[PDB]
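Data file: query20.pdb. Format and content: PDB, C-alpha atoms.
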```
ATOM      1  CA  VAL A   7      31.406 -11.852  83.491  1.00  0.00           C
ATOM      2  CA  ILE A   8      34.351 -14.184  84.029  1.00  0.00           C
ATOM      3  CA  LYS A   9      35.659 -15.946  80.967  1.00  0.00           C
ATOM      4  CA  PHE A  10      38.173 -18.782  81.042  1.00  0.00           C
ATOM      5  CA  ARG A  11      39.836 -20.847  78.328  1.00  0.00           C
ATOM      6  CA  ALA A  12      39.496 -24.635  78.265  1.00  0.00           C
ATOM      7  CA  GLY A  13      38.459 -27.486  76.042  1.00  0.00           C
ATOM      8  CA  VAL A  14      36.834 -30.668  77.269  1.00  0.00           C
ATOM      9  CA  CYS A  15      38.222 -33.839  78.824  1.00  0.00           C
ATOM     10  CA  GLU A  16      36.512 -37.218  78.536  1.00  0.00           C
ATOM     11  CA  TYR A  17      33.197 -38.126  80.213  1.00  0.00           C
ATOM     12  CA  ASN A  18      35.101 -40.998  81.838  1.00  0.00           C
ATOM     13  CA  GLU A  19      35.455 -41.484  85.580  1.00  0.00           C
ATOM     14  CA  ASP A  20      35.396 -45.308  85.894  1.00  0.00           C
ATOM     15  CA  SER A  21      38.990 -45.258  87.099  1.00  0.00           C
ATOM     16  CA  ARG A  22      38.886 -41.599  88.187  1.00  0.00           C
ATOM     17  CA  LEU A  23      40.914 -40.674  85.056  1.00  0.00           C
ATOM     18  CA  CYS A  24      40.168 -38.962  81.761  1.00  0.00           C
ATOM     19  CA  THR A  25      42.909 -38.329  79.217  1.00  0.00           C
ATOM     20  CA  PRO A  26      43.619 -35.054  77.385  1.00  0.00           C
ATOM     21  CA  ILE A  27      42.966 -35.225  73.657  1.00  0.00           C
ATOM     22  CA  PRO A  28      43.680 -31.663  72.481  1.00  0.00           C
ATOM     23  CA  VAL A  29      40.709 -29.425  71.711  1.00  0.00           C
ATOM     24  CA  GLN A  30      39.823 -25.783  72.384  1.00  0.00           C
ATOM     25  CA  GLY A  31      36.796 -23.927  73.637  1.00  0.00           C
ATOM     26  CA  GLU A  32      35.557 -21.195  75.938  1.00  0.00           C
ATOM     27  CA  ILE A  33      33.619 -21.192  79.221  1.00  0.00           C
ATOM     28  CA  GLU A  34      31.511 -18.185  80.314  1.00  0.00           C
ATOM     29  CA  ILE A  35      30.914 -18.134  84.066  1.00  0.00           C
ATOM     30  CA  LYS A  36      27.776 -16.021  84.464  1.00  0.00           C
ATOM     31  CA  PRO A  37      24.928 -15.505  86.955  1.00  0.00           C
ATOM     32  CA  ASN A  38      22.468 -15.603  84.005  1.00  0.00           C
ATOM     33  CA  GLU A  39      20.893 -12.237  83.129  1.00  0.00           C
ATOM     34  CA  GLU A  40      17.607 -14.201  82.798  1.00  0.00           C
ATOM     35  CA  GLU A  41      17.868 -16.082  86.130  1.00  0.00           C
ATOM     36  CA  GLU A  42      15.487 -18.818  85.003  1.00  0.00           C
ATOM     37  CA  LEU A  43      16.787 -21.566  87.284  1.00  0.00           C
ATOM     38  CA  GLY A  44      18.738 -19.160  89.513  1.00  0.00           C
ATOM     39  CA  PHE A  45      22.155 -20.821  89.259  1.00  0.00           C
ATOM     40  CA  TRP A  46      25.515 -20.356  87.532  1.00  0.00           C
ATOM     41  CA  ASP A  47      25.600 -21.372  83.884  1.00  0.00           C
ATOM     42  CA  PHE A  48      28.945 -22.394  82.430  1.00  0.00           C
ATOM     43  CA  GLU A  49      28.311 -21.804  78.712  1.00  0.00           C
ATOM     44  CA  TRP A  50      30.774 -24.021  76.891  1.00  0.00           C
ATOM     45  CA  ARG A  51      31.349 -23.417  73.188  1.00  0.00           C
ATOM     46  CA  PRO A  52      33.446 -25.542  70.848  1.00  0.00           C
ATOM     47  CA  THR A  53      36.168 -23.674  69.088  1.00  0.00           C
ATOM     48  CA  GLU A  54      37.688 -26.988  68.091  1.00  0.00           C
ATOM     49  CA  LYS A  55      35.369 -30.014  67.863  1.00  0.00           C
ATOM     50  CA  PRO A  56      35.837 -32.806  70.445  1.00  0.00           C
ATOM     51  CA  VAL A  57      37.818 -35.652  68.871  1.00  0.00           C
ATOM     52  CA  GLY A  58      37.720 -39.044  70.557  1.00  0.00           C
ATOM     53  CA  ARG A  59      34.462 -38.100  72.329  1.00  0.00           C
ATOM     54  CA  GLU A  60      31.399 -36.034  71.295  1.00  0.00           C
ATOM     55  CA  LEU A  61      30.273 -33.468  73.859  1.00  0.00           C
ATOM     56  CA  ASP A  62      27.965 -30.758  72.533  1.00  0.00           C
ATOM     57  CA  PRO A  63      27.693 -27.103  73.627  1.00  0.00           C
ATOM     58  CA  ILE A  64      26.020 -26.877  77.041  1.00  0.00           C
ATOM     59  CA  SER A  65      24.584 -24.277  79.450  1.00  0.00           C
ATOM     60  CA  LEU A  66      25.539 -25.998  82.695  1.00  0.00           C
ATOM     61  CA  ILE A  67      23.909 -25.276  86.078  1.00  0.00           C
ATOM     62  CA  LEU A  68      25.961 -26.058  89.153  1.00  0.00           C
ATOM     63  CA  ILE A  69      23.501 -27.002  91.883  1.00  0.00           C
ATOM     64  CA  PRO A  70      25.198 -26.620  95.311  1.00  0.00           C
ATOM     65  CA  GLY A  71      25.591 -29.896  97.175  1.00  0.00           C
ATOM     66  CA  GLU A  72      24.843 -31.833  94.006  1.00  0.00           C
ATOM     67  CA  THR A  73      28.036 -30.571  92.354  1.00  0.00           C
ATOM     68  CA  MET A  74      31.212 -31.515  94.263  1.00  0.00           C
ATOM     69  CA  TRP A  75      34.588 -29.871  93.673  1.00  0.00           C
ATOM     70  CA  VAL A  76      37.727 -32.031  93.572  1.00  0.00           C
ATOM     71  CA  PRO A  77      40.771 -30.019  92.393  1.00  0.00           C
ATOM     72  CA  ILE A  78      42.791 -32.801  90.770  1.00  0.00           C
ATOM     73  CA  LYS A  79      42.079 -36.469  90.235  1.00  0.00           C
ATOM     74  CA  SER A  80      44.976 -37.353  87.915  1.00  0.00           C
ATOM     75  CA  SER A  81      48.729 -37.528  88.484  1.00  0.00           C
ATOM     76  CA  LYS A  82      49.722 -39.007  85.141  1.00  0.00           C
ATOM     77  CA  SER A  83      47.819 -35.991  83.797  1.00  0.00           C
ATOM     78  CA  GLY A  84      47.859 -32.335  84.683  1.00  0.00           C
ATOM     79  CA  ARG A  85      45.187 -29.637  84.374  1.00  0.00           C
ATOM     80  CA  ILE A  86      42.009 -31.699  84.929  1.00  0.00           C
ATOM     81  CA  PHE A  87      38.818 -30.020  86.166  1.00  0.00           C
ATOM     82  CA  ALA A  88      36.957 -32.509  88.412  1.00  0.00           C
ATOM     83  CA  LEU A  89      33.280 -31.759  89.092  1.00  0.00           C
ATOM     84  CA  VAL A  90      31.132 -34.702  90.203  1.00  0.00           C
ATOM     85  CA  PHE A  91      27.713 -33.983  88.653  1.00  0.00           C
ATOM     86  CA  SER A  92      24.565 -35.668  89.978  1.00  0.00           C
ATOM     87  CA  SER A  93      21.178 -34.979  88.330  1.00  0.00           C
ATOM     88  CA  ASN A  94      23.134 -33.337  85.431  1.00  0.00           C
ATOM     89  CA  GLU A  95      25.588 -34.178  82.672  1.00  0.00           C
ATOM     90  CA  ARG A  96      29.259 -34.559  83.613  1.00  0.00           C
ATOM     91  CA  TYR A  97      31.670 -32.191  81.837  1.00  0.00           C
ATOM     92  CA  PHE A  98      35.370 -32.395  82.683  1.00  0.00           C
ATOM     93  CA  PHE A  99      37.643 -29.751  81.207  1.00  0.00           C
ATOM     94  CA  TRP A 100      41.376 -29.455  80.322  1.00  0.00           C
ATOM     95  CA  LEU A 101      43.078 -26.075  79.859  1.00  0.00           C
ATOM     96  CA  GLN A 102      44.177 -25.651  76.212  1.00  0.00           C
ATOM     97  CA  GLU A 103      47.370 -23.714  77.032  1.00  0.00           C
ATOM     98  CA  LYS A 104      50.519 -25.791  77.460  1.00  0.00           C
ATOM     99  CA  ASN A 105      52.445 -22.639  78.514  1.00  0.00           C
ATOM    100  CA  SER A 106      50.237 -22.054  81.582  1.00  0.00           C
ATOM    101  CA  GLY A 107      49.212 -24.234  84.477  1.00  0.00           C
ATOM    102  CA  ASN A 108      52.822 -25.289  84.963  1.00  0.00           C
ATOM    103  CA  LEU A 109      52.247 -24.822  88.725  1.00  0.00           C
ATOM    104  CA  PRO A 110      52.855 -28.091  90.633  1.00  0.00           C
ATOM    105  CA  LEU A 111      50.350 -30.990  90.772  1.00  0.00           C
ATOM    106  CA  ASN A 112      48.649 -30.962  94.172  1.00  0.00           C
ATOM    107  CA  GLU A 113      45.677 -28.752  93.334  1.00  0.00           C
ATOM    108  CA  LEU A 114      46.409 -28.226  89.644  1.00  0.00           C
ATOM    109  CA  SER A 115      43.450 -27.339  87.480  1.00  0.00           C
ATOM    110  CA  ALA A 116      44.976 -24.394  85.667  1.00  0.00           C
ATOM    111  CA  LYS A 117      46.518 -22.830  88.826  1.00  0.00           C
ATOM    112  CA  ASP A 118      46.431 -23.948  92.487  1.00  0.00           C
ATOM    113  CA  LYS A 119      44.825 -21.441  94.844  1.00  0.00           C
ATOM    114  CA  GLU A 120      42.895 -19.286  92.376  1.00  0.00           C
ATOM    115  CA  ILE A 121      40.767 -22.044  90.857  1.00  0.00           C
ATOM    116  CA  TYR A 122      40.285 -23.609  94.308  1.00  0.00           C
ATOM    117  CA  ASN A 123      39.026 -20.369  95.851  1.00  0.00           C
ATOM    118  CA  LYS A 124      36.860 -19.584  92.785  1.00  0.00           C
ATOM    119  CA  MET A 125      35.151 -22.988  92.626  1.00  0.00           C
ATOM    120  CA  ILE A 126      34.364 -22.985  96.373  1.00  0.00           C
ATOM    121  CA  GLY A 127      32.730 -19.567  95.887  1.00  0.00           C
ATOM    122  CA  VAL A 128      30.259 -21.025  93.369  1.00  0.00           C
ATOM    123  CA  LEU A 129      29.183 -23.631  95.962  1.00  0.00           C
ATOM    124  CA  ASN A 130      28.813 -20.949  98.627  1.00  0.00           C
ATOM    125  CA  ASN A 131      26.562 -18.899  96.308  1.00  0.00           C
ATOM    126  CA  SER A 132      23.274 -20.125  94.963  1.00  0.00           C
ATOM    127  CA  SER A 133      23.092 -17.210  92.588  1.00  0.00           C
TER     128      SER A 133
END
```
Here is the file; what I need is its structure written in the form of structure tokens.
Amino acid sequence: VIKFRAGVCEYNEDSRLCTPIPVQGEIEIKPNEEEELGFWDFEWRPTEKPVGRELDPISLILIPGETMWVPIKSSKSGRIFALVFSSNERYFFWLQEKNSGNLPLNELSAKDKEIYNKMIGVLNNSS
């Protein structure tokens, strides 16, 4: 399975912005070796607690065509994961590493092309 490092970023999208407040965590991108619902679970874990928000651990199904991928929604901020979630909870993430994701802000999430390709592949799959 594919593991990636990020903490959370606020629930907020009432101005299409959420601010980084530093935190850590871990996402596990997996097909689910139980396949109960038959979708991708992003298992978030706190490794630092959310401060200035409370978002609990979550096993998060991405349901194609209900989950929309936008690669960046902030220009006063960098490294924002933007997933519009309908029929599910909304979790926005911010990469915990200030040394990486220094690639320019036009697609920035943690990288440009890699995250963009990867996130489109989850929509294409229903696995």
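By all atoms listed in the file, and with residues fewer than 2 positions from region 86-95 of chain A along its chain excluded, the set lying at most 7 Å from it is residues 72, 73, 74, 75, 76, 77, 78, 79, 84, 97, 98, 99, 100 and 115 of chain A.
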Expand the PyMOL selection byres ((chain A and resi 42-48) around 8) into the individual residues it matches in the shown file, reporting them as a short mmCIF file (atom, residue, chain, number, x, y, z; two decimals) with C-alpha atoms, in the frame of the given file.
```cif
data_model
loop_
_atom_site.label_atom_id
_atom_site.label_comp_id
_atom_site.auth_asym_id
_atom_site.auth_seq_id
_atom_site.Cartn_x
_atom_site.Cartn_y
_atom_site.Cartn_z
CA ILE A 33 33.62 -21.19 79.22
CA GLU A 34 31.51 -18.18 80.31
CA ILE A 35 30.91 -18.13 84.07
CA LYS A 36 27.78 -16.02 84.46
CA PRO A 37 24.93 -15.50 86.96
CA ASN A 38 22.47 -15.60 84.00
CA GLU A 40 17.61 -14.20 82.80
CA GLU A 41 17.87 -16.08 86.13
CA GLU A 49 28.31 -21.80 78.71
CA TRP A 50 30.77 -24.02 76.89
CA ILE A 64 26.02 -26.88 77.04
CA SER A 65 24.58 -24.28 79.45
CA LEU A 66 25.54 -26.00 82.70
CA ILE A 67 23.91 -25.28 86.08
CA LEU A 68 25.96 -26.06 89.15
CA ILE A 69 23.50 -27.00 91.88
CA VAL A 128 30.26 -21.02 93.37
CA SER A 132 23.27 -20.12 94.96
CA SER A 133 23.09 -17.21 92.59
#
```
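Among the candidate residues A:25, A:30, A:18, A:131, the one lying nearest to residue 101 (chain A) is A:30, with distances computed using all atoms listed in the file.
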For the provided coordinates, the residues matched by the PyMOL selection byres ((chain A and resi 60) around 12) should be stated as a PDB file with C-alpha atoms, in the coordinates of the input.
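To be explicit, this is the file written out as result-v5.pdb:
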```
ATOM      1  CA  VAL A  14      36.834 -30.668  77.269  1.00  0.00           C
ATOM      2  CA  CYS A  15      38.222 -33.839  78.824  1.00  0.00           C
ATOM      3  CA  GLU A  16      36.512 -37.218  78.536  1.00  0.00           C
ATOM      4  CA  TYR A  17      33.197 -38.126  80.213  1.00  0.00           C
ATOM      5  CA  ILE A  27      42.966 -35.225  73.657  1.00  0.00           C
ATOM      6  CA  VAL A  29      40.709 -29.425  71.711  1.00  0.00           C
ATOM      7  CA  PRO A  52      33.446 -25.542  70.848  1.00  0.00           C
ATOM      8  CA  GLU A  54      37.688 -26.988  68.091  1.00  0.00           C
ATOM      9  CA  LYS A  55      35.369 -30.014  67.863  1.00  0.00           C
ATOM     10  CA  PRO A  56      35.837 -32.806  70.445  1.00  0.00           C
ATOM     11  CA  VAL A  57      37.818 -35.652  68.871  1.00  0.00           C
ATOM     12  CA  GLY A  58      37.720 -39.044  70.557  1.00  0.00           C
ATOM     13  CA  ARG A  59      34.462 -38.100  72.329  1.00  0.00           C
ATOM     14  CA  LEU A  61      30.273 -33.468  73.859  1.00  0.00           C
ATOM     15  CA  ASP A  62      27.965 -30.758  72.533  1.00  0.00           C
ATOM     16  CA  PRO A  63      27.693 -27.103  73.627  1.00  0.00           C
ATOM     17  CA  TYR A  97      31.670 -32.191  81.837  1.00  0.00           C
TER      18      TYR A  97
END
```
Close residues, residue 107 (chain A) itself excluded, 9 Å, all atoms listed in the file, min 3 positions apart in chain, as JSON, numbers by chain: {"A": [84, 85, 101, 103, 104, 110, 114, 115, 116, 117, 118]}
Could you save the residues just selected, with C-alpha atoms, as a short mmCIF file (atom, residue, chain, number, x, y, z; two decimals), in the coordinates of the input?
```cif
data_model
loop_
_atom_site.label_atom_id
_atom_site.label_comp_id
_atom_site.auth_asym_id
_atom_site.auth_seq_id
_atom_site.Cartn_x
_atom_site.Cartn_y
_atom_site.Cartn_z
CA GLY A 84 47.86 -32.34 84.68
CA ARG A 85 45.19 -29.64 84.37
CA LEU A 101 43.08 -26.08 79.86
CA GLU A 103 47.37 -23.71 77.03
CA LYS A 104 50.52 -25.79 77.46
CA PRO A 110 52.86 -28.09 90.63
CA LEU A 114 46.41 -28.23 89.64
CA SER A 115 43.45 -27.34 87.48
CA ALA A 116 44.98 -24.39 85.67
CA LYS A 117 46.52 -22.83 88.83
CA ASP A 118 46.43 -23.95 92.49
#
```
Two-atom distance - CA of residue 51 (chain A), CA of residue 9 (chain A) (Å): 11.6 Å
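The environment of residue 80 (chain A) within 8 Å, counting all atoms listed in the file and disregarding residues fewer than 5 places along the same chain, consists of residues 22, 23, 24 and 86 of chain A.
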Taking C-alpha atoms for each residue, export the selection above as a short mmCIF file (atom, residue, chain, number, x, y, z; two decimals), keeping the file's coordinate frame.
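Listed below is the output, again.cif:
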```
data_model
loop_
_atom_site.label_atom_id
_atom_site.label_comp_id
_atom_site.auth_asym_id
_atom_site.auth_seq_id
_atom_site.Cartn_x
_atom_site.Cartn_y
_atom_site.Cartn_z
CA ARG A 22 38.89 -41.60 88.19
CA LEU A 23 40.91 -40.67 85.06
CA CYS A 24 40.17 -38.96 81.76
CA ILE A 86 42.01 -31.70 84.93
#
```
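Here CA of residue 102 (chain A) stands at a distance of 27.6 Å from CA of residue 130 (chain A).
The shortest atom-to-atom distance to residue 129 (chain A), with only C-alpha atoms taken into account, belongs to A:71 out of A:53, A:39, A:11, A:71.
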